[PDB]
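Right, one structure below, let's go through it.
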Amino acid sequence: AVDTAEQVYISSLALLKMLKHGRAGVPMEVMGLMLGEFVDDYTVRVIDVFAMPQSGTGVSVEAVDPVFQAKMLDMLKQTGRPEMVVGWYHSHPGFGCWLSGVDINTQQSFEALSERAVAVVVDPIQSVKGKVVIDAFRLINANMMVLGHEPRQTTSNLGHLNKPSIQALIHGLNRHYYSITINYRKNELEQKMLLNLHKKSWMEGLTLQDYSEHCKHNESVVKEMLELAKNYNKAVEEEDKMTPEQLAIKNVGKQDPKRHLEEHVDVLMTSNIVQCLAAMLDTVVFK
Amino acid sequence: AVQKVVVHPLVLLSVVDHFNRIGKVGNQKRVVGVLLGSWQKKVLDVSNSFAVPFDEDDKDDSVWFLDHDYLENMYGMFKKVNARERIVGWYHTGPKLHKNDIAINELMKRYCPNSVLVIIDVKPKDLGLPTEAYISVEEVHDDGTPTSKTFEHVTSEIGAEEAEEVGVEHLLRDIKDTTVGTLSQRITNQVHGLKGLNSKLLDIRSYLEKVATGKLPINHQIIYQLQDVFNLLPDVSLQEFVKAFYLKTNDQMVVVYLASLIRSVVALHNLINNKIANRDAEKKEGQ
Amino acid sequence: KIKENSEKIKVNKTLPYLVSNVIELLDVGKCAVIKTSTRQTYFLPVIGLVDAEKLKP
Amino acid sequence: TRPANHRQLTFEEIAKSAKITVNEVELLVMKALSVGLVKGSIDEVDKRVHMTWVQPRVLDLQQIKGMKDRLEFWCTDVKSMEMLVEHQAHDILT
Amino acid sequence: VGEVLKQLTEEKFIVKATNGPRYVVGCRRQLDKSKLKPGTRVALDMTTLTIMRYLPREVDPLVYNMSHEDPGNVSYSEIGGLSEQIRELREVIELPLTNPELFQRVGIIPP
Amino acid sequence: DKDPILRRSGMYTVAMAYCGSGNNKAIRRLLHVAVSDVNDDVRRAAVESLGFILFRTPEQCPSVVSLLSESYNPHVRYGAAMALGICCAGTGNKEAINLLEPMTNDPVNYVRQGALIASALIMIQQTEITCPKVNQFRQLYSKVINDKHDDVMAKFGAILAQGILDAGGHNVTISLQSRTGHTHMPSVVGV
Amino acid sequence: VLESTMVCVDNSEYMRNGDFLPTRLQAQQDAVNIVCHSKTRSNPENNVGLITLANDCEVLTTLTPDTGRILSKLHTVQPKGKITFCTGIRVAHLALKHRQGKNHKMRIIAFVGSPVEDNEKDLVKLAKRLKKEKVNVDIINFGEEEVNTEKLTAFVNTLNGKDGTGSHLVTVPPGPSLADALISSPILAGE
Amino acid sequence: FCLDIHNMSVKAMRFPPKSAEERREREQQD
Amino acid sequence: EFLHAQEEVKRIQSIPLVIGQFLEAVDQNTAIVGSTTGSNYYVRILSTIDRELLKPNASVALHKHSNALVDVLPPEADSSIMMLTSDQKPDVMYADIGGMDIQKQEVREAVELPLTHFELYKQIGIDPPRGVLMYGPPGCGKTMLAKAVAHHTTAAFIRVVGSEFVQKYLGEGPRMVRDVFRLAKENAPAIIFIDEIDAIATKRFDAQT
Amino acid sequence: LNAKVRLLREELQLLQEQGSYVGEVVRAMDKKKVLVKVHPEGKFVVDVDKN
Amino acid sequence: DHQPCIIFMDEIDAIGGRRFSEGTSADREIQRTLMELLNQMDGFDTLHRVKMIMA
Ligand SMILES: Nc1ncnc2c1ncn2[C@@H]1O[C@H](COP(=O)(O)OP(=O)(O)OP(=O)(O)O)[C@@H](O)[C@H]1O
Ligand SMILES: [Mg+2]
């Protein structure tokens with residue numbers, strides 16, 4: 001029987017492709033095929049993925065196009081990947097990470113051809129920079145769940161994924177389908193380019209800010225600092241005077257002179273120190 | 001012409017992935033693929049790419065096979081998937097340009113009237129971006145030599161969609177350091193800029209060594225550019241630039257001093273509040 | 001597959017219906033702007049199982 | 001030929017060089033600026049032609065070598081301040 | 001179906017459903033954000049409430065039938081003593097909408 | 001090494017090599033890995049390795065394990081619980097028991113499992129008078145077992161905890177070092 | 001038999017010659033028509049591509065089972081420049097290597113009726129490379145029955161070695177359209 | 001001197017030393 | 001990990017969420033918010049929210065499902081939009097009006113002068129009024145003077161009809177009044193103009209209808 | 001610092017809880033029940049919490 | 001929207017009746033309707049190429 005230790009290893013390219021398809025087709029439950037290989041009985045690499053046409057309305061899965069799938073597979077084999085289809089992925093823009101009736105039917109269709117086929121659900125809307133909402137699934141058998149069986153084998157203690165969400169539990173988790181743990185492959189080579197993202201050229205590194213604009217910015221910021229200094233004097237005065245509401249209900253809806261003054265000093269000091277250092281380094285290097 | 005080009009993490013990952021695919025399949029030392037993107041105003045955003053079967057020799061500099069039939073099949077299919085991603089150019093994972101690049105650019109131009117090549121050096125680098133963008137342009141030489149097609153550089157940088165940024169941030173969740181501070185990050189940018197300037201100067205110095213010794217013929221355009229740069233180098237001991245530099249340095253140090261004083265007063269206020277809370281808690285415990 | 005198409009259509013068309021109106025009939029291919037007795041206005045990209053040219057506002 | 005620092009030309013020097021008179025060197029310099037071969041300004045009170053740029057000129061092998069030495073000096077300065085900044089900010093520097 | 005109220009961040013729109021609630025919703029890509037300005041009818045998705053398409057201004061079924069009622073085929077020959085009244089009504093209705101520059105020349109805005 | 005499993009192997013190798021020695025270099029390495037390394041499994045393995053290294057001086061472990069238990073990572077908390085259990089196995093350490101008592105009823109199934117198992121390992125072959133928490137933990141185990149609120153892994157922890165408490169007909173104790181002071185390699189391997 | 005073949009067609013300035021009715025261009029079009037029809041009538045999984053040998057040494061249509069595309073592309077051809085044929089064969093071999101069907105037997109058929117000004121040493125070197133990489137070639141020559149026929153025979157023999165029968169040559173003197181000879185040639189006879 | 005004052009104040013700030021029923025209630029209500 | 005946790009808790013600000021109004025604050029981390037659905041709830045508020053933006057009646061973003069205060073929106077959410085002075089501005093003028101100089105001067109001193117001379121008002125001791133009511137028989141120039149003021153004024157202008165505040169959806173109309181006044185406050189200097197105020201300002205009210 | 005971070009991570013979890021209605025008490029019953037008018041429609045009798 | 005237009009209201013006194021200073025809630029609602037109508041005809045926004053007939 002299947003084990004409660006199966007792990008779907010989604011590659012960086014696969015994850016990026018699912019997220020791009022997600023925040024390209026919204027709210028349509030856009031869909032694609034996950035290409036990889038069942039290396040063993042407990043692991044499923046998903047090396048790549050590729051989208052499907054998404055013809056017309058796509059609020060529901062669209063009965064994977066066999067001709068498009070075949071031509072994708074043949075050309076990928078021609079230009080690289082000789083890998084079979086290990087599953088299908090689709091998007092749930094803000095719903096969560098559950099499966100609908102159509103999703104369950106499509107995953108039955110996938111299992112019929114390959115018993116190990118996985119169903120990945122991404123949530124491009126709920127994903128944030130550092131945690132991508134995504135979940136792998138396979139369906140529980142009505143036959144076994146009526147004939148008193150757990151359709152997962154608990155050899156390991158790897159069934160602590162996230163205390164599955166109430167959304168999934170009410171949408172049919174642990175009854176008609178189960179969640180498969182997901183990990184990722186780190187190569188330290190793609191990560192170099194992902195780090196090269198946000199990188200600035202040495203032009204920007206050494207450029208000096210327009211001096212007139214810098215002076216105007218300093219003048220303005222010091223003006224707001226002056227006003228916030230007046231307000232800070234006012235606030236510190238009537239702060240110890242009374243603290244029944246000072247704890248939480250004396251700053252809501254009203255400006256905080258101390259906080260804004262801290263922000264202004266931080267920003268202006270950063271700007272001035274950076275520009276001074278840039279000017280000095282420039283005066284020497286470009287001599 | 002395209003002055004600015006923005007490559008995406010998906011494109012970089014797919015290029016690395018295609019290079020790995022070809023390396024596993026055989027041994028070519030270079031891989032070429034097609035590059036799809038948009039045409040934001042005078043800015044080429046290359047959003048996706050797909051590998052095409054490309055091969056070449058190492059001696060003739062003219063024996064190379066590129067499958068434009070496969071190219072157009074895959075492009076039409078990616079158009080069916082997503083429509084806005086049109087052919088915008090091609091990429092080849094060479095450490096440096098090649099002789100064939102002009103001919104391959106013509107082959108691409110048969111598809112995209114304004115094709116931009118992007119050399120995506122899969123080999124990790126340290127002091128520069130991984131993408132070098134070029135655009136073919138006729139060079140009308142002033143010395144009467146026949147006009148020939150040549151590659152012209154266009155400013156290339158890495159940018160991400162919202163979902164691409166989310167995915168790459170998730171991938172780099174544990175590598176990228178975010179608890180650095182704006183000032184520390186800007187100082188790091190300054191030192192990186194100095195390193196990049198040193199690298200460019202070293203490249204120019206090596207070229208001058210080669211030319212002086214005799215390996216390279218005199219390139220009059222390059223010499224014109226070099227002497228223009230050396231003449232553009234400023235003088236920082238004019239007794240007027242020095243006065244201006246001191247005046248602006250003091251005009252910035254006054255603001256830095258004001259901000260430091262404000263920060264000191266705020267810190268003293270925080271210390272007073274902390275000690276007041278400490279005494280209150282201790283007295284209440286003693287009560 | 002007339003039999004199975006009609007089977008699926010009947011499964012979707014099983015009672016009870018919600019009675020609404022056809023307040024507007026737009027052209028985009030014809031679409032509806034129905035308003036339903038729950039006091040809810042829904043735009044239908046596809047009118048449905050009734051002929052488009054038989055519905056009036 | 002004059003360096004990048006003492007590139008101030010006097011009317012007498014230009015007149016001697018070009019076999020013209022100080023009353024025509026002024027028009028000659030304005031003509032040069034107009035045609036765009038040089039960039040700069042003229043101070044006729046002191047009769048000095050301040051210059052800041054000349055049309056790029058072909059260079060010989062010795063001139064290329066001298067430019068290479070200047071580039072080496074520039075590179076050494078750049079490396080020196082790279083090292084200085086890195087060492088001084090090593091703690092904060094990421 | 002709702003109406004857009006304002007655009008926030010190129011992907012957030014404050015839209016109020018005709019039923020009355022107000023939300024901030026997304027927008028599917030090929031909508032030409034310039035086409036949907038404050039006050040335009042839109043079709044939000046029934047689940048994610050994200051905008052799907054901008055729609056023309058609604059015409060109530062009442063106003064539609066109001067416009068489309070058949071006034072028989074009554075002719076002016078079927079009205080008797082009303083001749084002065086007929087020409088005053090026509091003065092107000094027809095002529096200003098067919099030759100609107102005579103009244104401009106005389107310097108009035110027709111009744 | 002790249003592989004997180006290889007890094008966990010390094011942690012366990014440090015544990016085995018320096019078991020009982022209390023070598024400050026090994027403690028530094030293990031604790032730094034438990035803090036700063038990017039994989040939760042290896043963080044937990046590092047904390048357990050520290051527990052292995054500190055059993056000759058069971059009075060020292062409570063401090064570090066407390067700092068790591070009233071803590072951030074669920075895996076770090078669990079590793080601290082197992083470190084306490086391994087360290088104090090057969091000692092009935094009151095401080096370790098007090099540290100583990102809050103850990104029980106933690107918002108994590110495996111954290112509760114580990115806390116219960118470590119608690120039973122510590123009270124192995126113990127009685128009320130020696131440590132006045134055995135009855136509390138026994139009734140806790142019984143309630144967890146005959147409850148439906150608790151997660152399946154918490155139930156597993158409770159069953160294992162009862163088994164440990166009454167291990168060997170309640171006529172056996174778990175000591176990593178023999179009664180003569182020699183590290184008991186079978187016991188180290190078993191744990 | 002699974003066959004992946006490409007037809008290299010020389011389209012030099014000489015292919016406005018009228019020794020074959022009506023002109024060598026139309027004769028070549030008929031020849032490619034009949035050879036591609038034979039390829040189609042063979043195992044349909046067989047696929048055919050087109051290369052043009054000129055100053056550009058270009059590839060018109062890559063491997064494709066369909067034939068109308070190849071016919072239209074070859075119709076949209078004019079004679080210009082000289083032939084290289086060394087590039088030609090090398091690019092053809094690269095196309096062979098980069099074919100979707102690896103099981104397909106590699107095949108190049110070259111209509112090269114023209115003066116081949118390539119040194120016999122490099123001819124034989126390329127022949128040896130092709131044979132050792134297991135690609136058979138069936139060269140077709142017409143027009144110059146003396147200038148290059150010796151070189152082509154030597155090239156085919158060098159490919160042959162001792163038993164490499166896959167390499168073949170067929171030289172046809174001027175006459176009617178280049179149809180009867182190609183039909184009654186050993187190449188299509190063995191199909 | 002001002003930066004020194006800020007650092008000294010921040011260093012000087014003394015921090016004095018410092019539910020499951022809700023956990024169960026949440027799990028049951030869900 | 002603190003930075004990572006902040007970025008993670010950003011997850012609750014997902015796009016499909018319902019708008020509401022922040023009525024009152026109970027604790028530092030809880031507040032009462034009236035959801036636009038009609039009801040109001042006492043719910044927790046996201047920690048990473050600037051409490052300075054939680055002004056009274058401020059529009060906020062409530063989680064679609066949990067209905068917690070997830071974000072605070074710019075004070076420009078409103079159903080009654082300003083006039084696009086480019087085209088919606090009327091073509092009437094004080095020259096086109098003629099006569100009624102007393103009414104023109106009164107409306108000036110009430111609405112126009114204090115919008116550019118409030119400093120002078122405060123310095124001489126007057127308290128500027130808000131509301132002028134322009135009452136009088138029908139056809140005497142109330143709406144025409146309003147149009148002229150809109151045309152000439154260099155301040156924001158929000159026109160509305162008292163009959164437009166009555167909506168089927170209960171709570172809409174008080175929401176609309178709040179929206180118009182918030183828009184005027186954030187576009188100050190502004191002039192609000194309610195035509196036919198007696199459509200909502202009637203004195204006889206029959207609760208139970 | 002650890003308490004702060006843990007507070008944030010549990011905040012993300014406990015902000016998905018249903019928001020609580022607000023109702024005005026009109027009359028207090030016996031046996032720990034209170035008649036409350038819940039805004040804007042509905043008049044219930046609710047058991048008081050044991051706090 | 002359909003700029004050259006006429007609006008015929010038959011028996012206008014159904015809506016355009018005098019406004020009561022002591023009317024019922026129904027009367028006040030109908031008066032709100034009347035005042036909306038008055039503003040639409042000759043309110044702030046001018047009417048162009050739209051004519052009214054009332055019988
Ligand atoms: N003082 C005036 N000078 C010139 N035209 C005027 C004057 N007063 C009214 N009018 C004309 O009357 C019409 C303007 O009426 P307006 O809408 O201002 O009336 P009102 O006093 O607000 O009354 P009501 O509320 O009954 O509509 C226009 O035709 C305008 O030309
Ligand atoms: Mg009026």
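Scheme for the structure tokens: letters A, B, ... for chains in order shown; per-chain residue numbers from 1; ligand numbers from 1 in order shown.
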
*asked:* Just want the residues within 9 Å of ligand 1, written as a list in words, counting only C-alpha atoms and all ligand atoms.
replied: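 Selection of residues at most 9 Å from ligand 1: residues 96, 97, 98, 99, 100, 101, 134, 135, 136, 137, 138, 139, 140, 141, 142, 143, 144, 145, 146, 147, 195 and 196 of chain I; 38, 39, 42, 43 and 44 of chain K.
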
With a cut-off of 12 Å and counting only C-alpha atoms, select all residues of chain A in contact with chain H and give the selection as a PDB file with N, CA, C and O atoms, in the first residue's frame.
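Written file, part.pdb:
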```pdb
ATOM      1  N   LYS A 163      -0.716  20.336   9.880  1.00  0.00           N
ATOM      2  CA  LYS A 163      -2.012  20.264  10.544  1.00  0.00           C
ATOM      3  C   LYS A 163      -3.053  20.735   9.535  1.00  0.00           C
ATOM      4  O   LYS A 163      -3.549  21.863   9.634  1.00  0.00           O
ATOM      5  N   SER A 165      -5.263  22.377   6.651  1.00  0.00           N
ATOM      6  CA  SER A 165      -6.110  23.546   6.831  1.00  0.00           C
ATOM      7  C   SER A 165      -7.587  23.168   6.872  1.00  0.00           C
ATOM      8  O   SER A 165      -8.027  22.181   6.272  1.00  0.00           O
ATOM      9  N   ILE A 166      -8.356  23.988   7.592  1.00  0.00           N
ATOM     10  CA  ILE A 166      -9.798  23.786   7.681  1.00  0.00           C
ATOM     11  C   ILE A 166     -10.441  23.874   6.306  1.00  0.00           C
ATOM     12  O   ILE A 166     -11.419  23.172   6.025  1.00  0.00           O
ATOM     13  N   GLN A 167      -9.918  24.734   5.429  1.00  0.00           N
ATOM     14  CA  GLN A 167     -10.458  24.824   4.077  1.00  0.00           C
ATOM     15  C   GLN A 167     -10.385  23.476   3.372  1.00  0.00           C
ATOM     16  O   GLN A 167     -11.384  22.989   2.830  1.00  0.00           O
ATOM     17  N   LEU A 169      -9.965  20.542   4.786  1.00  0.00           N
ATOM     18  CA  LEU A 169     -10.726  19.537   5.522  1.00  0.00           C
ATOM     19  C   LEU A 169     -12.207  19.598   5.168  1.00  0.00           C
ATOM     20  O   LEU A 169     -12.857  18.557   5.014  1.00  0.00           O
ATOM     21  N   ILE A 170     -12.760  20.805   5.034  1.00  0.00           N
ATOM     22  CA  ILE A 170     -14.166  20.930   4.666  1.00  0.00           C
ATOM     23  C   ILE A 170     -14.389  20.726   3.175  1.00  0.00           C
ATOM     24  O   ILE A 170     -15.508  20.393   2.767  1.00  0.00           O
ATOM     25  N   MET A 269      19.703  60.166   7.204  1.00  0.00           N
ATOM     26  CA  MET A 269      21.065  59.797   7.559  1.00  0.00           C
ATOM     27  C   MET A 269      21.614  58.758   6.593  1.00  0.00           C
ATOM     28  O   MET A 269      22.768  58.858   6.158  1.00  0.00           O
TER      29      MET A 269
END
```

*Could you give me the residues within chain C that DSSP places in strand (DSSP E), as an MDAnalysis selection string?*
chainID C and resid 20:21 25:27 30:32 35:36 40:41

Same residues, N, CA and C atoms, output as a short mmCIF file (atom, residue, chain, number, x, y, z; two decimals), in the first residue's frame:
```cif
data_model
loop_
_atom_site.label_atom_id
_atom_site.label_comp_id
_atom_site.auth_asym_id
_atom_site.auth_seq_id
_atom_site.Cartn_x
_atom_site.Cartn_y
_atom_site.Cartn_z
N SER C 20 -35.53 33.74 -12.17
CA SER C 20 -34.91 35.05 -12.31
C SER C 20 -35.53 35.79 -13.49
N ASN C 21 -34.98 36.95 -13.83
CA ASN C 21 -35.42 37.72 -14.98
C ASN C 21 -34.27 37.86 -15.96
N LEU C 25 -30.18 41.81 -22.40
CA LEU C 25 -29.71 40.81 -23.35
C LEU C 25 -28.65 41.48 -24.22
N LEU C 26 -27.38 41.27 -23.87
CA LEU C 26 -26.27 41.94 -24.53
C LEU C 26 -25.71 41.09 -25.67
N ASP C 27 -25.02 41.76 -26.58
CA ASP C 27 -24.33 41.11 -27.69
C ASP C 27 -22.83 41.29 -27.51
N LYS C 30 -24.29 35.96 -27.85
CA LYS C 30 -25.27 36.68 -27.05
C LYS C 30 -25.12 36.28 -25.59
N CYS C 31 -25.30 37.25 -24.69
CA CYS C 31 -25.12 37.05 -23.26
C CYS C 31 -26.29 37.67 -22.52
N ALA C 32 -26.49 37.23 -21.28
CA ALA C 32 -27.60 37.71 -20.46
C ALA C 32 -27.08 38.48 -19.26
N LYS C 35 -31.35 38.94 -13.47
CA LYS C 35 -31.49 39.30 -12.06
C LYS C 35 -32.40 38.27 -11.40
N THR C 36 -31.90 37.65 -10.34
CA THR C 36 -32.57 36.53 -9.70
C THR C 36 -33.26 36.94 -8.41
N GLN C 40 -30.26 39.29 -6.89
CA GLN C 40 -28.84 39.19 -7.24
C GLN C 40 -28.70 39.26 -8.75
N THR C 41 -27.87 40.19 -9.23
CA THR C 41 -27.68 40.38 -10.67
C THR C 41 -26.47 39.57 -11.12
#
```

DSSP on the backbone, then: every residue of region 83-181 of chain B marked alpha helix (DSSP H), written as a PDB file with N, CA, C and O atoms, in the first residue's frame.
```pdb
ATOM      1  N   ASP B 101      26.854  33.876 -34.759  1.00  0.00           N
ATOM      2  CA  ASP B 101      25.760  34.617 -34.143  1.00  0.00           C
ATOM      3  C   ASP B 101      25.063  35.535 -35.136  1.00  0.00           C
ATOM      4  O   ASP B 101      23.846  35.707 -35.058  1.00  0.00           O
ATOM      5  N   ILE B 102      25.798  36.124 -36.079  1.00  0.00           N
ATOM      6  CA  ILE B 102      25.166  37.004 -37.060  1.00  0.00           C
ATOM      7  C   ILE B 102      24.215  36.215 -37.954  1.00  0.00           C
ATOM      8  O   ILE B 102      23.086  36.644 -38.224  1.00  0.00           O
ATOM      9  N   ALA B 103      24.658  35.052 -38.438  1.00  0.00           N
ATOM     10  CA  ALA B 103      23.800  34.238 -39.294  1.00  0.00           C
ATOM     11  C   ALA B 103      22.574  33.746 -38.535  1.00  0.00           C
ATOM     12  O   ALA B 103      21.452  33.763 -39.063  1.00  0.00           O
ATOM     13  N   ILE B 104      22.762  33.303 -37.291  1.00  0.00           N
ATOM     14  CA  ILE B 104      21.618  32.852 -36.509  1.00  0.00           C
ATOM     15  C   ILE B 104      20.683  34.018 -36.221  1.00  0.00           C
ATOM     16  O   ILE B 104      19.459  33.846 -36.190  1.00  0.00           O
ATOM     17  N   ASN B 105      21.228  35.218 -36.014  1.00  0.00           N
ATOM     18  CA  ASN B 105      20.383  36.386 -35.807  1.00  0.00           C
ATOM     19  C   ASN B 105      19.575  36.697 -37.056  1.00  0.00           C
ATOM     20  O   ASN B 105      18.422  37.118 -36.962  1.00  0.00           O
ATOM     21  N   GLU B 106      20.168  36.515 -38.236  1.00  0.00           N
ATOM     22  CA  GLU B 106      19.398  36.678 -39.468  1.00  0.00           C
ATOM     23  C   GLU B 106      18.277  35.647 -39.548  1.00  0.00           C
ATOM     24  O   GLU B 106      17.144  35.965 -39.942  1.00  0.00           O
ATOM     25  N   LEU B 107      18.575  34.401 -39.173  1.00  0.00           N
ATOM     26  CA  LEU B 107      17.544  33.368 -39.194  1.00  0.00           C
ATOM     27  C   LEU B 107      16.395  33.724 -38.255  1.00  0.00           C
ATOM     28  O   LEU B 107      15.223  33.553 -38.603  1.00  0.00           O
ATOM     29  N   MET B 108      16.717  34.218 -37.057  1.00  0.00           N
ATOM     30  CA  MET B 108      15.676  34.689 -36.146  1.00  0.00           C
ATOM     31  C   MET B 108      14.942  35.898 -36.709  1.00  0.00           C
ATOM     32  O   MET B 108      13.720  36.009 -36.565  1.00  0.00           O
ATOM     33  N   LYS B 109      15.667  36.823 -37.340  1.00  0.00           N
ATOM     34  CA  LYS B 109      15.038  38.018 -37.881  1.00  0.00           C
ATOM     35  C   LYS B 109      14.040  37.662 -38.967  1.00  0.00           C
ATOM     36  O   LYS B 109      13.090  38.414 -39.212  1.00  0.00           O
ATOM     37  N   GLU B 162       5.208  39.544 -10.346  1.00  0.00           N
ATOM     38  CA  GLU B 162       4.854  39.323  -8.947  1.00  0.00           C
ATOM     39  C   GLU B 162       5.021  37.855  -8.566  1.00  0.00           C
ATOM     40  O   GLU B 162       5.656  37.528  -7.555  1.00  0.00           O
ATOM     41  N   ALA B 163       4.469  36.950  -9.378  1.00  0.00           N
ATOM     42  CA  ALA B 163       4.561  35.526  -9.067  1.00  0.00           C
ATOM     43  C   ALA B 163       5.991  35.019  -9.196  1.00  0.00           C
ATOM     44  O   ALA B 163       6.434  34.184  -8.400  1.00  0.00           O
ATOM     45  N   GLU B 164       6.727  35.497 -10.203  1.00  0.00           N
ATOM     46  CA  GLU B 164       8.125  35.103 -10.331  1.00  0.00           C
ATOM     47  C   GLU B 164       8.925  35.544  -9.114  1.00  0.00           C
ATOM     48  O   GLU B 164       9.756  34.788  -8.599  1.00  0.00           O
ATOM     49  N   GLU B 165       8.688  36.768  -8.642  1.00  0.00           N
ATOM     50  CA  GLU B 165       9.368  37.246  -7.446  1.00  0.00           C
ATOM     51  C   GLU B 165       9.005  36.395  -6.240  1.00  0.00           C
ATOM     52  O   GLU B 165       9.874  36.039  -5.438  1.00  0.00           O
ATOM     53  N   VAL B 166       7.725  36.048  -6.097  1.00  0.00           N
ATOM     54  CA  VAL B 166       7.310  35.208  -4.977  1.00  0.00           C
ATOM     55  C   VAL B 166       8.040  33.871  -5.023  1.00  0.00           C
ATOM     56  O   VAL B 166       8.581  33.400  -4.014  1.00  0.00           O
ATOM     57  N   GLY B 167       8.077  33.247  -6.201  1.00  0.00           N
ATOM     58  CA  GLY B 167       8.718  31.947  -6.318  1.00  0.00           C
ATOM     59  C   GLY B 167      10.206  32.002  -6.035  1.00  0.00           C
ATOM     60  O   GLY B 167      10.744  31.167  -5.301  1.00  0.00           O
ATOM     61  N   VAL B 168      10.897  32.985  -6.615  1.00  0.00           N
ATOM     62  CA  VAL B 168      12.341  33.071  -6.422  1.00  0.00           C
ATOM     63  C   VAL B 168      12.665  33.411  -4.974  1.00  0.00           C
ATOM     64  O   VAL B 168      13.657  32.925  -4.420  1.00  0.00           O
ATOM     65  N   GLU B 169      11.849  34.253  -4.337  1.00  0.00           N
ATOM     66  CA  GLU B 169      12.063  34.552  -2.925  1.00  0.00           C
ATOM     67  C   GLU B 169      11.856  33.313  -2.068  1.00  0.00           C
ATOM     68  O   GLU B 169      12.601  33.085  -1.108  1.00  0.00           O
ATOM     69  N   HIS B 170      10.853  32.497  -2.393  1.00  0.00           N
ATOM     70  CA  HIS B 170      10.685  31.237  -1.678  1.00  0.00           C
ATOM     71  C   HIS B 170      11.902  30.342  -1.861  1.00  0.00           C
ATOM     72  O   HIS B 170      12.371  29.713  -0.905  1.00  0.00           O
ATOM     73  N   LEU B 171      12.428  30.271  -3.084  1.00  0.00           N
ATOM     74  CA  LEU B 171      13.592  29.430  -3.339  1.00  0.00           C
ATOM     75  C   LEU B 171      14.816  29.931  -2.579  1.00  0.00           C
ATOM     76  O   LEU B 171      15.603  29.132  -2.060  1.00  0.00           O
TER      77      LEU B 171
END
```

*Near residue 40 (chain D), counting only C-alpha atoms, which residues have an atom at most 6 Å away, once you skip same-chain residues fewer than 4 positions from it, shown as a ChimeraX atom specification?*
/D:50-52

*Please measure the separation of CA of residue 62 (chain I) and CA of residue 186 (chain I), giving the value in Å to one decimal.*
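So the answer is 22.2 Å.
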
*For chain J against chain I, which residues fall within 6 Å using only C-alpha atoms, given as a ChimeraX atom specification?*
/J:5,12,16-22,39-40

Please produce a file of the residues just selected, as a PDB file, in the first residue's frame, where the atoms kept are C-alpha atoms.
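Once everything was written out, this is again.pdb:
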```pdb
ATOM      1  CA  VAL J   5       8.480  35.951  16.320  1.00  0.00           C
ATOM      2  CA  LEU J  12      -1.096  34.368  11.024  1.00  0.00           C
ATOM      3  CA  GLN J  16      -8.234  33.180  10.148  1.00  0.00           C
ATOM      4  CA  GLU J  17     -10.688  32.643  13.018  1.00  0.00           C
ATOM      5  CA  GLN J  18     -14.220  33.888  12.462  1.00  0.00           C
ATOM      6  CA  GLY J  19     -14.782  37.432  13.635  1.00  0.00           C
ATOM      7  CA  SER J  20     -17.102  37.869  16.594  1.00  0.00           C
ATOM      8  CA  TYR J  21     -20.460  39.595  16.285  1.00  0.00           C
ATOM      9  CA  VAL J  22     -21.322  42.612  18.427  1.00  0.00           C
ATOM     10  CA  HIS J  39     -26.635  44.028  14.902  1.00  0.00           C
ATOM     11  CA  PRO J  40     -28.477  44.629  12.596  1.00  0.00           C
TER      12      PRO J  40
END
```

*Name the residues in contact with residue 79 (chain B) at a cut-off of 12 Å, using only C-alpha atoms, excluding same-chain residues fewer than 4 positions from it; report them as a ChimeraX atom specification.*
/A:51-54 /B:36-37,48-49,72-75,83-87

_Contacts of residue 35 (chain J) at 7 Å (only C-alpha atoms; same-chain gap of 4+ positions) as a list in words_ =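 That gives residues 25, 26, 27, 28, 29, 44, 45 and 46 of chain J.
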